[PDB]
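Engineer: Build me a model:
(3 chains, ligands or ions: 13)
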Amino acid sequence: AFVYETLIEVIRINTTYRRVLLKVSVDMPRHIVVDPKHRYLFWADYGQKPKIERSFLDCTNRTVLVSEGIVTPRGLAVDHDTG
Amino acid sequence: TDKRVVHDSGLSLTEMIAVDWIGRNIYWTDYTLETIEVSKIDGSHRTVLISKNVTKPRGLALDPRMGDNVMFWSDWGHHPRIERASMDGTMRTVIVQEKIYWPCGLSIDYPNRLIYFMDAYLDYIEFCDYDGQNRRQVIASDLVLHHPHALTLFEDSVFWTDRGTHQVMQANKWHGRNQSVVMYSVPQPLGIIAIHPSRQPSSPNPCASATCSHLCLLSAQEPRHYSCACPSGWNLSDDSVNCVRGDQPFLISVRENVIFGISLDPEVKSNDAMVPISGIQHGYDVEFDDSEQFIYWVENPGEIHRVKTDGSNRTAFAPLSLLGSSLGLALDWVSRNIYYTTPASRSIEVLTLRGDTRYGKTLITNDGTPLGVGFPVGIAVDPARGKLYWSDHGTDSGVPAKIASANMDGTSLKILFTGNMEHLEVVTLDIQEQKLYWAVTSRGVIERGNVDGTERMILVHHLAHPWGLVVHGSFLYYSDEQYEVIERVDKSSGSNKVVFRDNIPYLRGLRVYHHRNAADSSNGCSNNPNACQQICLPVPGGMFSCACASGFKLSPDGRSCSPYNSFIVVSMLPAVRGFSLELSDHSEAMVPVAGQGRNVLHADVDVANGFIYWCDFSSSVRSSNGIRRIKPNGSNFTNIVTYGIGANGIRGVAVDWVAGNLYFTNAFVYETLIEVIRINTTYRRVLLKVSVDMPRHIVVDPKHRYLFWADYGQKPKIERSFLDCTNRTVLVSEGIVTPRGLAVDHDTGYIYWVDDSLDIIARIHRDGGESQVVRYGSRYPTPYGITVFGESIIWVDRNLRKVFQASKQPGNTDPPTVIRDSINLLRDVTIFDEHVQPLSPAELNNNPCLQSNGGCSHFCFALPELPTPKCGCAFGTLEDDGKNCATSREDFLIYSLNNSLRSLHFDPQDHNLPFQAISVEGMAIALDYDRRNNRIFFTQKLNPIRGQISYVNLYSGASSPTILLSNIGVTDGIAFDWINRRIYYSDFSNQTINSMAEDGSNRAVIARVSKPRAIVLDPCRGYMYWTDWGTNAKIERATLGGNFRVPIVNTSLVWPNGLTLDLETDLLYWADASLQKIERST
Amino acid sequence: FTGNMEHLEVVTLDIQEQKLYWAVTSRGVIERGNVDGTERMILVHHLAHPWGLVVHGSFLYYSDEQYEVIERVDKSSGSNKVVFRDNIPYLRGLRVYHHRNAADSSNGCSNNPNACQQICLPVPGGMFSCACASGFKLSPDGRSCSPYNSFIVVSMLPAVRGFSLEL
Ligand SMILES: *[C@@H]1O[C@H](CO)[C@@H](O[C@@H]2O[C@H](CO)[C@@H](O)[C@H](O)[C@H]2NC(C)=O)[C@H](O)[C@H]1NC(C)=O
Ligand SMILES: *[C@@H]1O[C@H](CO)[C@@H](O)[C@H](O)[C@H]1NC(C)=O
Ligand SMILES: *[C@@H]1O[C@H](CO)[C@@H](O)[C@H](O)[C@H]1NC(C)=O
Ligand SMILES: *[C@@H]1O[C@H](CO)[C@@H](O)[C@H](O)[C@H]1NC(C)=O
Ligand SMILES: *[C@@H]1O[C@H](CO)[C@@H](O)[C@H](O)[C@H]1NC(C)=O
Ligand SMILES: *[C@@H]1O[C@H](CO)[C@@H](O)[C@H](O)[C@H]1NC(C)=O
Ligand SMILES: *[C@@H]1O[C@H](CO)[C@@H](O)[C@H](O)[C@H]1NC(C)=O
Ligand SMILES: *[C@@H]1O[C@H](CO)[C@@H](O)[C@H](O)[C@H]1NC(C)=O
Ligand SMILES: *[C@@H]1O[C@H](CO)[C@@H](O)[C@H](O)[C@H]1NC(C)=O
Ligand SMILES: *[C@@H]1O[C@H](CO)[C@@H](O)[C@H](O)[C@H]1NC(C)=O
Ligand SMILES: *[C@@H]1O[C@H](CO)[C@@H](O)[C@H](O)[C@H]1NC(C)=O
Ligand SMILES: [Ca+2]
Ligand SMILES: [Ca+2]
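Structural biologist: Numbering: from 1, shown residues only, chains lettered A, B, ... in the order given. Ligands and ions are numbered 1, 2, ... in the order given. The structure is reproduced below:
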């Protein structure tokens, strides 16, 4: 998180490999969780126009799951048994 | 010109103001209250117009022209937006909803009917139409914008302010192709307005013929284009022109910096039951009076403030306590009193609302019993039954955590409930059913009980931090600071729950505002108005009691008031306080002494004249050291000793009421003085000066003509002397280590001392002899001060933080008695009573100084077994008549000290001053004396360039400086010639040694010198000597005419500042300040 | 014991007579009770801030920070008083040093040395229990240790901590 923008980045463990998968200014991705079983990456945004979003493991797809009744989502968990 | 205030209260953070010039109206937005509010342009009547879906309103604009009647505002909260409404709020729409993030400011262009809006995150200026369906960019994708705030328009120009660049900018309102800077280094430019007639076009006013009673607001609604609105707390009538005033109850909520009004319909989410109170600090409690529509709260330090629910009056109404901040409030509406709680002083107090003059007293304080206040936090009152209830956290000294009851005049004390009250919040009373409700945070419960101490039960469970309680009707309302909630339940069972507000940070206590009437609740004080002189307090059975303010006592008629004349006065570093010897009297016997600069160490009293004297000490601030006197009623305060106090300060005050004298001990780093000052005069004398002894605590006895002191230095002792210190004897020399406390008894001839390094209280007889012990043990760890009254000794203990009374005879082992408990930083105690200060001759053994100071001009001293007075001179010497003073005819020293000339005696053991000290213009550096005319010649520095010469006469009666050579350089050196009657001087500023004639007539120049300082003369051998501290410092000899010049010394000299000649030995002495040595030669 | 313990200082145990002694500063008392939660009583009155307690032989020793004193009394009644030191600033707690021997006080961990891998802790009835250091768990043999593999990890600004789901 920078002052006027935010990045979503990936680093390969035990290596000097780092990449930027998303860069966005009006959205504010903050809390991120990953599901390798169903190949999804979820995040929560509590900026202006708060939301919860789903994407792929390279952020090449973006969908919004919750867009209403959500103001300050700060916490995100995933259940493998129920989806 | 004509600065005057529109809104005096209810504003917290006003982001933007708009003014409606047609409707004579004013609009503004508030960030913290999250509101858009409207009022008459004079501020008389105000209303909240939009509160739903408002989070962070920053920008506001209006078009009041006939047929437009529209307003626009911006919100930068979540889902940031620009919204349009009718100027009466009857229509609402959102016009900009996308590509918007931190929309700051709005402006309107009236010819084109365009809205100009600015964004600080996307960094743009844009304009759109009133519906938001045409949109264009003026400045966009341009680094000129960093953090814009405010916007204005004029002709084809747009002006704005930027907070990042600290700059004010002008551009073209259509394309931005021309850009300019109006201001460059503004601290931070927040708001901008443009003033010209064209910015407020004229139009018809629909309200000109309207008959709305409080507000008429422009409206976009055809056909009449106006609507009538009512202020906060009012209702609107079906006639749609008139308003009515709601008598319905409402709820008052308190928060760390705000007080709010809420409506008991939980579905009404607007906080507009009253104009909010928007500037408080440390809010805990609130009270109200409906007969005048006032809300009362407390402000630090020790002040109470009141405001009206319409905001019309706001004032600081009374001082509450000089000793600390008050915490809890209760109000009696029948007797018109306000009860408050002061935890730091550990007191419950009452103040009067009636009348033009405020009166207040203390009803309950910590007295060492479990029944008194330990640490009170909440208070409630029942006026009809004359009862007071309060909640207390207790103290480690012995007060338990409790719910306690008393009579509203303090005359009864009871403990109703205790146990399982570790963290106890406020207590409230249901008066109709007579039941007390409280909250225990350590268990998360609200509990209920009877006012008689029975039927304790839990009514609500599972709370977290219940901070506020109130009971009204069938309902109980409470606030929780961790759940951040206000909730309502049914007081019979707590079995239903409603939530009024949530997500409220910093919650505090609640009240309910309703029409409580005095006629039903009438009591004795209401039935007998104007009975008591100062305060009326109800008591059970319909009776009333009369009460008197701090420093005053009540008289046997039961209605009148008169000052106290028998009380004990106690000193602690922060204050001086007075207590009654009647243990049940919790009142303050004197108005306390407290505030900035008070570091009190000792206090003494003059009973006849009605004064208390005390000394103040500071190691870091000179002016904070001294002796000061006040009256028990706080009326007159004055400083008596401020000059010439040592680094260790004054450590003693004794007062002689017969002679009108004050004795004090002045402690320097390596010596100590005992001094006397005559009261109401500029007469001061030093009676003793000693280095290896350390006199600290001093007490005086005019009946037996003795002065006693205690010394806790090396070789500690207690000593007796005469009233002029001319005799010295030691009473205690062994078994004494740190004697810090000295008291005298007139009835038995004994002196009492306390030592904290031996943990002992002891007495010895003034004629000497054996020593007796009164209290001793592991207890009595740190007795710091003692006094004797009747058959009792009263002393103070620092560690135990207690004031004790016991019986003054050795061998008594009864447990002590306590007068006050939990007082910090204690210092000694003394007593104020006519008995301890007799003024009859038969009781004073015919003291000679009792009448007209014995005829002594300056000082009167009564020595033992002497039937006549002895007289002392503050300045000068005493004459053959034995009673007047004159200036010495013997030989003495004179020296300059800043703006004065002062005298000294060759004998170190002589403390007389040859003459009173003389005050001169500027700073004097020179002295020579003329033996023919008995005058002194001196030189003055008036500024770093200008000097002066002057002479003053000693024996020709009183005299003042007379001036010669009113303009010379900075001069410091003077010598006088008694054979030729000529004066010689050292002008530094003009590098020259000059001569002059006695009358100032004839002037000459003798030599030019680099840095001349000192001059010495021998006229009977025609020679002159002077010193020069310039490069190649030297001492030179010349002739009084200057015709020869030769160096006498030119080696090993750096700063030869002083030169002298001794004609008994023909020797020349000089002093050097850099080599730091004094040398002699021939 | 609970109730009337607003400001509660140290607790000490008389092992021979099996009695607990404590001090309540909010009332200035030293109190005594049985280890089974019975027979609560006040043994010493009128103290100011009793900071330290110790019981040895027939005597009870206590220190007071406001009286600046160390005193000895008789533990049966508190009816005799002796003063050891006075005018001592900044007093704190007391102990008594004596030859307490393990042979008499032996327990399960002393009787079964080298039983547990990491820690041995006694339990009533002469039995012993095996304990494992932070980050490790105890294995079904009752003696061995192995790292945890099922726990929840919690974050707070000053630290990260791990807790077992077995309450
Ligand atoms: C010093 O001056 C004060 C006044 O500044 C004198 O105080 C008065 O004393 C008389 C006699 O007791 C009282 O009736 C007056 O009320 C006092 N005046 C005030 C303003 O309180 C005082 O007597 C003088 N002498 C001394 C030794 O203090
Ligand atoms: C990616 O998202 C789009 C919607 O934006 C969706 O239609 C598409 O099916 C997604 N990709 C896959 C592979 O499902
Ligand atoms: C407030 O916002 C909610 C949610 O968008 C909406 O349903 C409601 O109508 C709005 N009310 C007003 C007065 O704007
Ligand atoms: C704006 O700037 C352009 C370019 O310098 C210039 O031609 C034009 O005259 C300017 N307009 C005004 C009103 O000064
Ligand atoms: C004022 O209006 C409220 C409804 O908003 C009503 O409950 C109350 O009784 C009214 N009071 C008067 C005096 O009209
Ligand atoms: C304050 O109250 C007084 C007395 O009622 C009144 O005369 C005065 O106008 C009030 N102040 C204001 C600003 O209205
Ligand atoms: C004593 O105080 C009053 C004010 O309470 C003042 O008017 C009076 O002048 C004072 N007396 C003297 C002697 O200064
Ligand atoms: C003064 O003190 C001396 C002892 O130092 C004593 O002998 C003498 O009697 C005292 N003066 C008077 C007048 O008693
Ligand atoms: C010293 O003398 C100067 C000049 O007369 C005067 O202004 C100043 O107040 C004096 N200061 C002291 C401490 O005497
Ligand atoms: C001193 O003052 C006199 C008279 O103004 C002047 O003649 C002389 O030059 C001055 N000398 C110095 C050293 O300032
Ligand atoms: C110092 O003074 C002596 C005596 O007057 C003289 O003889 C000598 O020349 C002087 N020396 C200097 C350096 O001034
Ligand atoms: Ca910006
Ligand atoms: Ca001591």
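
Engineer: wait, what's in contact with residue A:48?
Structural biologist: Counting by Cβ atoms under 8 Å, 6 or more residues apart in numbering or on different chains, residue A:48 makes contact with A:26, A:28, B:77, B:78, B:79, B:80, B:101. All C-beta atoms are positioned from the backbone trio N, CA, C, and that covers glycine.

Engineer: Name the residue of chain A that lies nearest to ligand 1.
Structural biologist: residue A:72 (66.6 Å; Cβ to the nearest ligand atom).

Engineer: Spatially, what comes nearest to that residue if we skip its sequence neighbours?
Structural biologist: Take residue A:72 and drop its neighbours on the chain: the residue closest to it by Cβ to Cβ, 6 or more residues apart in numbering or on different chains is residue A:46, 4.6 Å away.

Engineer: how about the one you found, what does it touch?
Structural biologist: With Cβ under 8 Å, 6+ apart, residue A:46 has these contacts: A:28, A:30, A:71, A:72, A:73, A:74.

Engineer: With residue A:21 instead?
Structural biologist: A:8, A:9, A:10, A:58, A:59.

Engineer: Is the first one bridged to anything, and to what?
Structural biologist: Beta-bridge pairing of residue A:8, defined through DSSP bridges, involves residue A:22.

Engineer: pretty sure it is in contact with residue A:57, am I right?
Structural biologist: No: using Cβ atoms under 8 Å, residue A:8 is not in contact with residue A:57; the gap is 11.1 Å.

Engineer: So those two - more neighbours on which side?
Structural biologist: residue A:8 (16 against 13; other Cβ atoms under 10 Å in any protein chain shown).

Engineer: For the closest residue to ligand 13 within chain A, give me the backbone phi and psi.
Structural biologist: Residue of chain A nearest ligand 13, by Cβ to the ion: residue A:74 (57.7 Å). Main-chain dihedrals, residue A:74, degrees, to the nearest 10: phi -130, psi 80.

Engineer: The nearest residue to residue A:21 once chain neighbours are set aside: neighbour count?
Structural biologist: Closest residue to residue A:21 apart from its sequence neighbours, by Cβ to Cβ, 6+ apart: residue A:59 at 4.1 Å. Neighbouring residues of residue A:59 were enumerated by other Cβ under 10 Å; the total is 18.

Engineer: if I pick residue A:59, what's in contact with it?
Structural biologist: By Cβ under 8 Å, 6+ apart, the residues touching residue A:59 are A:8, A:21, A:22, A:41.

Engineer: Equivalent analysis for residue A:55, please.
Structural biologist: A:22, A:40, A:41, A:42, A:43, A:61, A:62, A:63.

Engineer: repeat that for 10 Å
Structural biologist: A:8, A:21, A:22, A:29, A:32, A:40, A:41, A:42, A:43, A:61, A:62, A:63 (Cβ atoms under 10 Å, 6 or more residues apart in numbering or on different chains).

Engineer: Export those residues as TSV, with columns for secondary structure.
Structural biologist: Output for the contacts of residue A:55, formatted as TSV (DSSP: H, G, I helix; E, B strand; the rest coil):
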residue	secondary structure
A:8	strand
A:21	strand
A:22	strand
A:29	strand
A:32	strand
A:40	strand
A:41	strand
A:42	strand
A:43	strand
A:61	coil
A:62	strand
A:63	strand
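
Engineer: Buried among those residues? Need that as a selection in PyMOL.
Structural biologist: Command for PyMOL that selects the buried part of these, burial taken from 16 or more other Cβ atoms under 10 Å in any protein chain shown:
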select buried, chain A and resi 8+22+29+40+41+42+43
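
Engineer: Enumerate every residue touching residue A:9.
Structural biologist: Shown in contact with residue A:9 (Cβ under 10 Å, 6+ apart): A:18, A:19, A:20, A:21, A:22, A:23.

Engineer: returning to what we had before: pull the most distant pair out of the contacts of residue A:21.
Structural biologist: Greatest spatial distance in the contacts of residue A:21: A:9 and A:58, 11.8 Å, computed using Cβ to Cβ.

Engineer: Dig out what the closest residue to residue A:12 other than its chain neighbours forms beta bridges with.
Structural biologist: Spatial nearest neighbour of residue A:12, excluding adjacent residues (Cβ to Cβ, 6+ apart): residue A:18 at 7.8 Å. Assessed by DSSP bridges, residue A:18 has beta-bridge partners residue A:11.

Engineer: go on, residue A:64?
Structural biologist: Per DSSP bridges, the residues bridged to residue A:64 are residue A:53.

Engineer: how about it, what does it touch?
Structural biologist: A:45, A:49, A:51, A:52, A:53, A:54.
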